[PDB]
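For reference, the structure is listed below as structure tokens.
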Amino acid sequence: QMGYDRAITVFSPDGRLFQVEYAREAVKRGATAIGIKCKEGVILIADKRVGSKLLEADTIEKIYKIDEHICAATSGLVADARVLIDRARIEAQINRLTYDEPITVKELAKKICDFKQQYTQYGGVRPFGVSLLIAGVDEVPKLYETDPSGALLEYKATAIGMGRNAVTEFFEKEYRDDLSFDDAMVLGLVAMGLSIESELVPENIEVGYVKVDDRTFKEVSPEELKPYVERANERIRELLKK
Amino acid sequence: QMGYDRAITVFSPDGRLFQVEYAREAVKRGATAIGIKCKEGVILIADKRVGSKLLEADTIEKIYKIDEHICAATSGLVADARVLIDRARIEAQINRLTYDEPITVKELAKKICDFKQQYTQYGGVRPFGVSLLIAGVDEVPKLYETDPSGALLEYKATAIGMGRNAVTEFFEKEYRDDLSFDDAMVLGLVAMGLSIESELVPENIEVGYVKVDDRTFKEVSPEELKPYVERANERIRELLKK
Amino acid sequence: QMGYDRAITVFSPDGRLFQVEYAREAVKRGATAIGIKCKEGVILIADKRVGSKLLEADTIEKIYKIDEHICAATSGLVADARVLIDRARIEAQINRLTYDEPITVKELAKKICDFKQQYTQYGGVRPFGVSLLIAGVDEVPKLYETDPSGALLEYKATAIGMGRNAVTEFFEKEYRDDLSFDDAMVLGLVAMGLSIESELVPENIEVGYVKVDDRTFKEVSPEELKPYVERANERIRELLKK
Amino acid sequence: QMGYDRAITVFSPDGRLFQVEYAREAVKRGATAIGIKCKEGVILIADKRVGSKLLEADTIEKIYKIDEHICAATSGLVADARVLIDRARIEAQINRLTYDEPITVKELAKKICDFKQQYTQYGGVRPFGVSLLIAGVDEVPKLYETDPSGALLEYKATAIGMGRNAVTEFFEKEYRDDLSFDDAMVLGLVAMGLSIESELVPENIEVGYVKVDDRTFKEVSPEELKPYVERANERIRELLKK
Amino acid sequence: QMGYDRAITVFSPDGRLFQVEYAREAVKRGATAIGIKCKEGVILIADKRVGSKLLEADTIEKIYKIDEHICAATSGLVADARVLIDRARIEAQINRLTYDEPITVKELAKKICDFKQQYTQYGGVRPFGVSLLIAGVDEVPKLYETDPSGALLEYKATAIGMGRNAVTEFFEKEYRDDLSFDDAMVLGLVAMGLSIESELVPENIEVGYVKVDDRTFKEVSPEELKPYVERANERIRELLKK
Amino acid sequence: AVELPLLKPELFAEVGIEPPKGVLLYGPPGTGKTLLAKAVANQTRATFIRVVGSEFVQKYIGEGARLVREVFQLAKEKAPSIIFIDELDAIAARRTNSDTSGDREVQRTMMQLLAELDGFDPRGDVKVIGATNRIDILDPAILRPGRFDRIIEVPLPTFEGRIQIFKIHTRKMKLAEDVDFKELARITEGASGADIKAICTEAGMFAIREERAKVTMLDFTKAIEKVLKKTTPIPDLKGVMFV
Amino acid sequence: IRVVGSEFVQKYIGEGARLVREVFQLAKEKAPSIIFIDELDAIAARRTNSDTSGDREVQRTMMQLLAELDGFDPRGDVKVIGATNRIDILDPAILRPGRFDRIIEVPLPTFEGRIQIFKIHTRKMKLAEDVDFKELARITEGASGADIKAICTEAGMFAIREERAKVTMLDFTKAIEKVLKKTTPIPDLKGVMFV
Amino acid sequence: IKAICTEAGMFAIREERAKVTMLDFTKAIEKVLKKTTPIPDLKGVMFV
Amino acid sequence: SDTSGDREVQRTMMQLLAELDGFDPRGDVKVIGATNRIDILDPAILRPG
Amino acid sequence: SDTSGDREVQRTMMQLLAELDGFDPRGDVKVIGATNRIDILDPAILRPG
Amino acid sequence: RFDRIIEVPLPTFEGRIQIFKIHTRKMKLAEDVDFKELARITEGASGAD
Ligand SMILES: [Mg+2]
């Protein structure tokens with residue numbers, strides 16, 4: 001400590017990589033991003049909040065199209081995230097080049113873990129200070145989290161970002177393995193309303209998703225956002241009186 | 001604090017990076033440059049103040065040309081800007097090569113910011129310490145602030161430089177998304193006059209602007225800055241009395 | 001304080017390199033895996049309990065295919081394991097290309113040991129802070145451990161991670177070289193139970209095996225594992241009474 | 001101080017390379033090996049005793065056939081052995097590829113020294129902290145030691161590793177150049193036995209040789225080994241009554 | 001005092017390289033090697049005693065044939081000496097290859113100076129620790145010294161190593177410009193006996209020579225050495241009487 | 001090492017051993033290095049003087065030197081005498097081979113330790129007992145015989161050891177008989193001898209807190225926790241990413 | 001007059017100068033008199049800096065004693081007599097003779113020198129019945145006279161452990177191994193790293 | 001400031017009057033600031 | 001500043017600069033100063049007047 | 001001692017410590033106190049006696 | 001704490017000349033001297049020099 005944290009190469013006598021824990025606090029500097037997996041589809045809910053009103057919020061977004069049934073979200077450096085995810089766009093496309101068949105959500109996760117690992121290993125370069133939430137449906141719905149080094153944990157309710165700890169507590173209690181896609185959409189807005197610590201306005205949130213039946217990406221436009229948010233607000237206010 | 005500011009490959013224990021913070025202080029050190037977006041165009045103004053008269057009265061160049069409808073302006077390290085804009089120029093030409101279509105400001109900003117992030121990755125290469133405000137009209141007007149950190153942020157009105165903070169507080173009250181083309185440039189002239197806390201002459205500003213109706217960048221002569229400069233000077237005077 | 005672990009290139013005066021003895025500590029902090037050898041094949045048994053129920057119950061993975069007849073398990077960072085397992089799979093398959101014979105357990109182990117040792121010598125890259133277990137039957141059933149040092153050690157039975165020290169002592173008493181396939185899987189299921197200080201439920205263990213007769217890797221289905229786990233519970237509970 | 005010891009490029013005020021000096025001590029930490037030359041061939045005796053009963057007693061091997069007629073022992077790290085020996089194996093055959101003739105015991109041992117000499121001069125790497133004993137008969141019998149430094153010293157009987165100090169004292173009186181092959185074999189196990197200061201068992205030690213009536217590496221089975229270890233054990237007993 | 005032996009890209013404030021001066025004090029930490037030029041030949045004597053009596057007489061054994069008319073002895077690291085010597089041998093045959101001209105004693109020493117100066121200037125590697133006496137009759141007798149750094153100085157008698165200073169002082173009295181082959185051979189044997197503070201025996205030194213009349217290397221044979229021990233020792237006894 | 005020479009100088013005729021001028025204690029400090037020094041002092045009926053190592057050096061020195069002289073004088077005036085010298089690292093440590101500012105001070109205090117140890121005649125007998133953190137932060141210039149003849153590895157107390165120290169204290173305690181000394185020891189794993197002692201003081205506090213004169217096994221176990229047990233010592237962390 | 005001179009040099013400034021003034025002055029009173037100034041290594045200055053407060057504080061002490069020695073104030077039949085471990089740490093004023101007329105090299109003991117030191121000390125012990133002081137000298141060459149004393153001291157203590165209480169040749173040699181480890185080890189294998 | 005005013009009044013005296021005009025002040029202000037702890041005079045070539 | 005081994009000797013030095021030739025007249029001193037180097041002496045002793 | 005200062009203080013340190021020791025192996029008069037610093041001074045009240 | 005902060009600088013051309021005059025006056029005739037030449041040689045030298 002105070003020396004074995006001054007490079008990505010050193011270990012401590014506790015055998016921690018502190019540079020990698022620090023790249024991870026970078027994730028926690030960024031705004032909350034939340035994924036739910038249910039058996040009828042998977043949900044991606046990104047914070048799309050602006051902190052001043054002279055900001056234009058179309059590019060404060062997390063949600064990036066990757067493949068035509070793989071979307072993903074991000075938390076960490078904005079910079080790190082765009083270059084990383086652009087790699088992932090290419091990688092998903094390359095997979096279609098040499099096989100003629102869209103990429104699996106898992107393989108993409110393994111490839112993008114491995115990209116981050118060379119940057120953790122090589123001392124001449126810093127790691128990407130970012131985690132992804134990779135959400136898609138390949139034939140069967142999937143939700144992954146990648147860690148800054150390239151570690152892989154498969155989830156079923158998750159978040160990265162500022163609100164992560166609280167969203168983890170929320171799904172401990174609320175998230176059940178029988179929630180319909182509709183039902184789980186509201187529940188994931190209640191999880192976002194909690195972490196942001198007030199009720200939500202559709203302008204400060206963005207929802208994207210992949211359902212199993214449709215097996216497409218869509219993106220939820222602010223008109224198509226509202227019925228869900230309206231349900232959500234009712235309960236977001238109740239948990240602010242607990 | 002120590003040892004978290006002597007390299008670029010190290011993070012802090014909080015997920016902040018103090019080296020990269022200091023490049024943001026680099027942006028803050030230099031002269032103000034304001035970009036103000038409107039529905040009829042996007043107006044890009046940069047201070048052509050000279051700290052002596054021995055300095056040329058048109059100092060090359062506070063407002064650079066990237067493409068035929070794309071310009072950008074600088075605050076922070078002026079050394080760096082020469083290099084950085086050469087890259088931006090070649091990037092818009094490269095897209096005209098490989099797609100025969102000019103580059104969208106959004107994707108251009110991403111490319112330039114990526115080149116920055118690449119220079120964050122390496123331990124022997126420090127990043128550019130300069131922010132550029134890339135402005136252009138592709139279909140609707142667009143204004144972006146590109147940071148030394150590699151991150152892009154879109155705006156409705158913006159500032160950078162040592163006048164950044166003052167003009168966020170100013171345009172927050174005063175800006176509305178319903179200014180006309182003339183009303184937009186005048187309000188931006190008021191913002192420049194506030195920041196420097198003296199009146200404007202056509203010799204301490206360089207203005208260009210971009211029309212939707214022409215889809216082209218045009219560069220404003222000192223003669224035709226005169227009407228706008230006089231109208232604006234009244235509001236500035238009232239602001240420097242209170 | 002030392003600085004005999006500033007780099008991997010600085011020996012301690014005692015004649016040891018500290019930095020790989022801390023990459024050895026990286027394995028311990030990660031979770032346990034046990035590889036258990038009988039005279040009728042090999043068994044491989046690994047943690048999947050990880051975290052609360054937010055994480056998927058059948059989270060992927062500790063028990064990796066290398067081949068369809070050689071399998072591996074890890075302990076340490078599952079970043080350094082994930083790219084290493086990518087490297088392993090290629091390595092076995094290159095042997096298959098150029099020999100049209102499957103890699104022997106011993107020979108795959110030797111190649112992982114060189115690979116690890118490549119990173120260990122240069123100061124410009126750190127070695128993995130991961131250890132690997134390589135289990136097969138080439139035609140003699142075999143069990144090895146490949147160290148983060150890139151050293152090769154032959155084992156009758158072996159364990160790594162948190163439970164390393166408990167499993168060792170436990171097998172010092174009970175294990176024999178003439179245990180049946182049924183006995184050796186079960187024996188290590190008690191030991192695995194002791195490693196986490198809890199009863200084994202079939203949803204927090206992934207167990208694969210390589211049989212001598214088939215020479216084909218097969219993974220134990222949740223409920224096919226259930227009666228083997230059930231017989232282990234009697235002894236694990238018994239022993240947690242003390 | 002003392003040193004000037006955290007670089008490999010630095011020679012200290014002593015005029016030694018501390019780095020290199022730390023690595024001769026890393027040989028010692030590795031298990032003993034005993035080399036002995038007679039006029040009827042060259043016997044190499046090597047410790048294959050590692051671990052309790054967690055590990056298998058056969059642990060590869062540790063007395064590697066390098067060439068047809070040259071074998072070597074290792075002392076130091078096993079990890080260090082793997083890589084130095086991989087390269088060593090290739091070099092032995094490389095001579096045969098380009099000349100179609102025997103590699104010299106002198107010449108193999110020099111180019112095994114050379115690989116690490118590369119890693120001693122250069123700044124980007126460490127030498128391996130390993131000392132191999134290089135024993136064979138190209139046309140006369142020879143024994144050398146290769147040193148982690150890269151020194152090449154012809155011995156006539158010696159030890160290195162843990163037993164280095166112990167066996168020199170032993171061989172001041174015992175070692176003679178009119179000894180028999182059989183006498184040498186036995187005397188070399190007494191030396192090793194002294195190193196461990198314990199009773200031998202023929203199952204956890206491997207003895208191989210290159211004769212001069214063969215000119216081929218051979219290895220003496222454990223069924224054969226028993227009488228030689230048994231006449232050793234009397235002589236260990238005399239010594240451990242003093 | 002300093003900290004400029006920490007680099008080899010530096011100069012100190014007195015304009016010196018202390019790294020090079022401790023590579024100088026690696027030579028002084030090796031056993032001596034002596035050269036004598038007479039006007040009938042040139043004769044190079046170097047220690048061949050090393051270690052305990054359990055190391056062959058013929059363990060280094062320094063005075064390597066480089067060419068047909070050039071032998072070169074060493075003092076310093078027996079590890080770096082070998083590589084240099086091999087590089088010296090290659091440079092001399094390259095000269096033969098490209099000219100069919102046997103390389104001059106002078107021009108060979110020059111090419112060595114330049115080779116070691118690449119390793120002095122570059123900071124990613126270190127300077128050698130070795131001093132060589134390059135010696136022969138090209139068409140007149142020559143003896144040079146190439147230094148740790150690679151400085152070329154011409155001598156008419158020298159020594160290098162631990163024995164160095166005493167033998168310099170000796171020559172300052174005895175050495176005469178009128179010297180002959182027999183006298184010289186005797187002279188260097190006397191000189192070697194002051195270094196070691198003890199008598200010489202035949203095989204505990206090796207001596208190489210290049211005559212003018214042969215203009216070809218011949219090694220002094222042990223039996224030919226014998227009458228020279230007996231006459232040299234006369235003076236040795238006298239000068240080791242205190 | 002010390003004792004038997006000092007009381008019996010017949011030894012310096014029967015053997016002819018010239019007087020020992022020093023003995024050095026190593027292994028972990030605070031175990032009871034001070035206590036060992038007193039134990040000896042009692043046996044030869046000598047004058048114990050304790051010098052703390054923070055009495056040596058300031059930041060340009062004078063007063064550091066002044067007190068080495070002071071206690072060398074008291075010891076000669078009060079012979080036989082035993083000077084306990086905790087803790088060698090501020091008056092005996094390794095030197096710089098290329099200067100630094102800080103070292104200079106340290107060296108000037110040092111030369112005066114080195115001198116006086118050799119300086120005594122058997123006219124005035126000054127025996128000393130050193131103690132340190134380890135010997136691997138110490139120069140060999142004082143670890144020369146006649147500056148430090150021999151060394152004593154004083155390690156941490158053994159399992160069976162902790163029991164015998166617990167027993168010293170249980171004596172004092174009123175109504176002690178539910179005490180298992182072995183279990184208490186087990187729990188106080190990797191505890192020094194000083195630690196054992198602290199626990200005993202605190203068993204008495206715990207007991208009076210429960211308003212009784214009896215100190216058995218609840219009290220003692222609670223004491224252990226307060227002083228010794230506050231640690232898990234190598235666990236942490238399970239990822240996230242290290243899993 | 002035996003002074004350890006490093007023992008002075010007080011941080012209460014000039015108290016330091018006083019003390020050397022008085023010892024010198026006393027030398028003239030009790031003349032003829034020998035003053036022994038032990039380690040001129042901290043009572044002798046150096047004009048090249050290493051401690052801003054330290055160089056000047058020693059200097060005042062140094063030029064004061066020089067003042068009394070033959071600065072203007074007469075020698076007083078002194079007869080200094082003075083010991084030091086370093087020579088390059090010295091000011092030009094003291095380094096020269098005429099304040100120490102005969103500069104003497106005191107080297108480490110020779111082969112014959114080992115023997116002499118050995119004899120003086122074995123007379124204090126119980127000798128050997130196997131005496132050879134030449135045999136001991138071969139290993140110990142390259143040590144100092146204090147290590148010779150050290151060996152002796154170890155042999156007598158060794159004898160106690162052995163329960164002999166008699167010193168002999170066998171104890172002397174064992175004492176050489178133990179002493180030589182600590183503080184002047186001499187054979188060490190240089191044919192490993194070096195040629 | 002107390003120094004600037006005394007320096008100025010001494011300027012007024014130098015010009016042999018008691019009217020402390022703007023010009024006595026300007027000379028004075030430059031005298032007192034020239035001495036003092038630090039006023040701007042460097043702004044870089046890489047910054048404005 | 002902030003020493004006593006090279007602070008106190010400087011305020012008795014400042015007294016000297018300034019007593020040896022200072023305020024006070026003349027007399028018959030003529031102060032014979034003697035030194036070993038002029039390379040570690042204050043520039044006031046070094047100069048004439 | 002630097003004559004006046006040191007000796008008065010030396011005396012009042014010793015006079016403080018002997019009493020407080022001597023009436024309390026055990027409670028009789030309980031001594032309480034405070035200090036703001038103790039790293040600044042020679043052991044005395046850092047002496048474990 | 002003063003207000004009138006006066007830097008005493010080294011002598012200037014005209015500055016040296018005024019001083020020479022005083023000393024010559026006390027020191028009788030020296031009319032073959034050029035005061036200007038003395039100043040050119042002694043450029044930037046102190047008053048005490
Ligand atoms: Mg002395």
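Going by the structure tokens order, chains are called A, B, ..., each with residues numbered from 1, while ligands are numbered from 1 in the order shown.
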
DSSP on the backbone: what in segment 3-241 of chain B comes out strand (DSSP E or B), as a ChimeraX atom specification?
-> /B:33-38,41-47,63-65,70-76,122,130-137,141-146,152-155,157-160,205-211,216-219

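Once chain B is fitted onto chain C using all Cα atoms matched in sequence order, the root-mean-square deviation is 0.8 Å.
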
Can you tell me which residues come within 12 Å of ligand 1 when counting only C-alpha atoms and all ligand atoms, ideally as a ChimeraX atom specification?
-> /F:111-120,146-147 /G:2-7,36-40,82-85,146

Write out the residues from the selection above, keeping N, CA, C and O atoms, as an mmCIF file, in the first residue's frame.
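The result, stored in selection-v2.cif:
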```cif
data_model
loop_
_atom_site.group_PDB
_atom_site.id
_atom_site.type_symbol
_atom_site.label_atom_id
_atom_site.label_comp_id
_atom_site.auth_asym_id
_atom_site.auth_seq_id
_atom_site.Cartn_x
_atom_site.Cartn_y
_atom_site.Cartn_z
ATOM 1 N N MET F 111 29.516 5.956 17.613
ATOM 2 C CA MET F 111 30.925 5.738 17.763
ATOM 3 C C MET F 111 31.188 5.589 19.298
ATOM 4 O O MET F 111 32.181 5.056 19.757
ATOM 5 N N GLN F 112 30.285 6.162 20.099
ATOM 6 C CA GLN F 112 30.431 6.267 21.519
ATOM 7 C C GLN F 112 29.917 5.059 22.243
ATOM 8 O O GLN F 112 30.300 4.732 23.387
ATOM 9 N N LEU F 113 28.931 4.358 21.646
ATOM 10 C CA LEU F 113 28.548 3.038 22.029
ATOM 11 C C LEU F 113 29.743 2.064 21.771
ATOM 12 O O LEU F 113 30.192 1.423 22.718
ATOM 13 N N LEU F 114 30.294 2.094 20.542
ATOM 14 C CA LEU F 114 31.330 1.206 20.078
ATOM 15 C C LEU F 114 32.576 1.325 20.962
ATOM 16 O O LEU F 114 33.111 0.289 21.424
ATOM 17 N N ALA F 115 33.010 2.615 21.278
ATOM 18 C CA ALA F 115 34.118 2.832 22.151
ATOM 19 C C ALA F 115 34.088 2.291 23.579
ATOM 20 O O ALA F 115 34.999 1.554 23.997
ATOM 21 N N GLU F 116 33.105 2.629 24.374
ATOM 22 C CA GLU F 116 32.924 2.372 25.762
ATOM 23 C C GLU F 116 32.803 0.946 26.064
ATOM 24 O O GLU F 116 33.286 0.543 27.081
ATOM 25 N N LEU F 117 32.181 0.091 25.185
ATOM 26 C CA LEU F 117 31.995 -1.350 25.382
ATOM 27 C C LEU F 117 33.284 -2.078 25.541
ATOM 28 O O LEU F 117 33.353 -2.973 26.393
ATOM 29 N N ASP F 118 34.308 -1.623 24.748
ATOM 30 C CA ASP F 118 35.682 -2.016 24.814
ATOM 31 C C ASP F 118 36.590 -1.321 25.850
ATOM 32 O O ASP F 118 37.626 -1.868 26.309
ATOM 33 N N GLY F 119 36.138 -0.132 26.238
ATOM 34 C CA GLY F 119 36.781 0.795 27.123
ATOM 35 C C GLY F 119 36.956 0.330 28.546
ATOM 36 O O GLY F 119 37.893 0.712 29.217
ATOM 37 N N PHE F 120 35.960 -0.563 29.093
ATOM 38 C CA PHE F 120 35.992 -0.918 30.525
ATOM 39 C C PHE F 120 37.123 -1.845 30.840
ATOM 40 O O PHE F 120 37.371 -2.752 30.047
ATOM 41 N N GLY F 146 33.178 -9.310 21.995
ATOM 42 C CA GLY F 146 33.747 -8.193 22.759
ATOM 43 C C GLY F 146 32.950 -6.943 22.410
ATOM 44 O O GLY F 146 33.335 -5.823 22.832
ATOM 45 N N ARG F 147 31.883 -7.057 21.625
ATOM 46 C CA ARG F 147 30.926 -5.992 21.503
ATOM 47 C C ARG F 147 29.581 -6.606 21.661
ATOM 48 O O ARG F 147 28.675 -5.918 22.101
ATOM 49 N N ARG G 2 42.648 10.669 28.709
ATOM 50 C CA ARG G 2 42.074 9.817 27.647
ATOM 51 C C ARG G 2 40.768 10.455 27.407
ATOM 52 O O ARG G 2 40.026 10.461 28.386
ATOM 53 N N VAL G 3 40.476 10.895 26.127
ATOM 54 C CA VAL G 3 39.200 11.553 25.790
ATOM 55 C C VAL G 3 38.799 10.752 24.638
ATOM 56 O O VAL G 3 39.583 10.555 23.711
ATOM 57 N N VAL G 4 37.549 10.330 24.622
ATOM 58 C CA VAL G 4 36.730 10.044 23.434
ATOM 59 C C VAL G 4 36.211 11.314 22.901
ATOM 60 O O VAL G 4 35.490 11.897 23.688
ATOM 61 N N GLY G 5 36.580 11.742 21.666
ATOM 62 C CA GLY G 5 36.369 13.137 21.284
ATOM 63 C C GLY G 5 35.034 13.327 20.598
ATOM 64 O O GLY G 5 34.516 14.422 20.527
ATOM 65 N N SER G 6 34.441 12.259 20.067
ATOM 66 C CA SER G 6 33.062 12.269 19.412
ATOM 67 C C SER G 6 31.990 12.411 20.438
ATOM 68 O O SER G 6 30.904 12.945 20.142
ATOM 69 N N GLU G 7 32.375 12.072 21.715
ATOM 70 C CA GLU G 7 31.490 12.081 22.852
ATOM 71 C C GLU G 7 30.952 13.469 23.215
ATOM 72 O O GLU G 7 29.930 13.665 23.838
ATOM 73 N N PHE G 36 45.003 11.790 24.442
ATOM 74 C CA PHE G 36 44.555 10.841 23.450
ATOM 75 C C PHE G 36 43.164 11.233 22.994
ATOM 76 O O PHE G 36 42.192 11.167 23.750
ATOM 77 N N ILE G 37 43.041 11.680 21.717
ATOM 78 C CA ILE G 37 41.793 12.084 21.089
ATOM 79 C C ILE G 37 41.366 10.971 20.183
ATOM 80 O O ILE G 37 41.972 10.564 19.195
ATOM 81 N N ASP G 38 40.341 10.268 20.632
ATOM 82 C CA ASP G 38 39.926 9.025 19.983
ATOM 83 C C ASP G 38 38.942 9.467 18.883
ATOM 84 O O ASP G 38 38.185 10.458 19.131
ATOM 85 N N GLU G 39 38.887 8.792 17.692
ATOM 86 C CA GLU G 39 38.057 9.078 16.573
ATOM 87 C C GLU G 39 37.741 10.593 16.301
ATOM 88 O O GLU G 39 36.663 11.125 16.668
ATOM 89 N N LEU G 40 38.674 11.156 15.457
ATOM 90 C CA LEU G 40 38.718 12.402 14.858
ATOM 91 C C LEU G 40 37.857 12.284 13.637
ATOM 92 O O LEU G 40 38.426 12.240 12.499
ATOM 93 N N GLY G 82 46.761 10.281 19.190
ATOM 94 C CA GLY G 82 45.487 10.592 18.613
ATOM 95 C C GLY G 82 45.217 9.562 17.585
ATOM 96 O O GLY G 82 46.037 9.183 16.807
ATOM 97 N N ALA G 83 43.944 9.121 17.585
ATOM 98 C CA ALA G 83 43.526 7.998 16.748
ATOM 99 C C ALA G 83 42.411 8.330 15.786
ATOM 100 O O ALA G 83 41.595 9.192 16.133
ATOM 101 N N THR G 84 42.355 7.742 14.590
ATOM 102 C CA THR G 84 41.311 8.074 13.641
ATOM 103 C C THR G 84 41.112 6.862 12.721
ATOM 104 O O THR G 84 42.014 6.005 12.688
ATOM 105 N N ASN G 85 39.874 6.766 12.053
ATOM 106 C CA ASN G 85 39.463 5.620 11.197
ATOM 107 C C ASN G 85 39.282 6.081 9.822
ATOM 108 O O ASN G 85 38.958 5.218 8.977
ATOM 109 N N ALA G 146 41.622 -6.977 16.860
ATOM 110 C CA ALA G 146 40.474 -7.137 17.694
ATOM 111 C C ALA G 146 39.703 -8.519 17.512
ATOM 112 O O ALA G 146 39.140 -9.109 18.421
#
```

Length of the atom CA of residue 86 of chain B to atom CA of residue 214 of chain B vector [Å] =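 We find that atom CA of residue 86 of chain B and atom CA of residue 214 of chain B lie 24.9 Å from each other.
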
Using 9 Å as the limit and counting only C-alpha atoms, can you tabulate each residue of chain F that touches chain A, with its shortest atom-to-atom distance in Å and the two atoms involved, as JSON lines?
```
{"residue": "F:234", "atom": "CA", "partner": "A:14", "partner_atom": "CA", "distance": 7.1}
{"residue": "F:235", "atom": "CA", "partner": "A:14", "partner_atom": "CA", "distance": 8.4}
{"residue": "F:236", "atom": "CA", "partner": "A:14", "partner_atom": "CA", "distance": 7.8}
{"residue": "F:237", "atom": "CA", "partner": "A:16", "partner_atom": "CA", "distance": 8.1}
{"residue": "F:240", "atom": "CA", "partner": "A:147", "partner_atom": "CA", "distance": 7.3}
{"residue": "F:241", "atom": "CA", "partner": "A:151", "partner_atom": "CA", "distance": 5.5}
{"residue": "F:242", "atom": "CA", "partner": "A:16", "partner_atom": "CA", "distance": 7.9}
{"residue": "F:243", "atom": "CA", "partner": "A:151", "partner_atom": "CA", "distance": 8.8}
```

May I have the selected residues written with N, CA and C atoms, as an mmCIF file, in the first residue's frame?
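Generated output (part-v1.cif):
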```
data_model
loop_
_atom_site.group_PDB
_atom_site.id
_atom_site.type_symbol
_atom_site.label_atom_id
_atom_site.label_comp_id
_atom_site.auth_asym_id
_atom_site.auth_seq_id
_atom_site.Cartn_x
_atom_site.Cartn_y
_atom_site.Cartn_z
ATOM 1 N N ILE F 234 -5.096 -12.637 7.617
ATOM 2 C CA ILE F 234 -4.755 -12.895 6.236
ATOM 3 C C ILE F 234 -6.035 -12.956 5.492
ATOM 4 N N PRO F 235 -7.329 -13.274 5.949
ATOM 5 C CA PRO F 235 -8.482 -13.250 5.047
ATOM 6 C C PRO F 235 -8.703 -11.920 4.319
ATOM 7 N N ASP F 236 -9.479 -12.033 3.190
ATOM 8 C CA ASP F 236 -9.902 -10.931 2.422
ATOM 9 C C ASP F 236 -9.083 -10.900 1.150
ATOM 10 N N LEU F 237 -9.707 -10.651 -0.049
ATOM 11 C CA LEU F 237 -11.149 -10.352 -0.325
ATOM 12 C C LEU F 237 -11.663 -11.355 -1.334
ATOM 13 N N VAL F 240 -16.415 -10.743 -7.182
ATOM 14 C CA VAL F 240 -16.012 -9.597 -7.995
ATOM 15 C C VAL F 240 -15.032 -9.945 -9.132
ATOM 16 N N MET F 241 -13.762 -10.322 -8.785
ATOM 17 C CA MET F 241 -12.706 -10.423 -9.734
ATOM 18 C C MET F 241 -11.465 -11.230 -9.288
ATOM 19 N N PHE F 242 -11.386 -11.641 -8.018
ATOM 20 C CA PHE F 242 -10.282 -12.384 -7.470
ATOM 21 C C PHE F 242 -10.762 -13.720 -7.201
ATOM 22 N N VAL F 243 -12.118 -13.942 -7.390
ATOM 23 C CA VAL F 243 -12.689 -15.249 -7.289
ATOM 24 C C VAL F 243 -12.311 -16.083 -8.527
#
```

Using only C-alpha atoms, which chain G residues lie at most 12 Å away from chain I, written as a PyMOL selection string?
-> chain G and resi 9-16+46-49+51-61+63+71-72+91-94

Atom-to-atom span, atom CA of residue 155 of chain F and atom CA of residue 43 of chain J, Å =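 According to the coordinates, atom CA of residue 155 of chain F and atom CA of residue 43 of chain J are separated by 26.7 Å.
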
Using DSSP on the backbone, list every residue of segment 49-116 of chain F that comes out as alpha helix (DSSP H), and give them as a PyMOL selection string.
-> chain F and resi 63-77+101-116
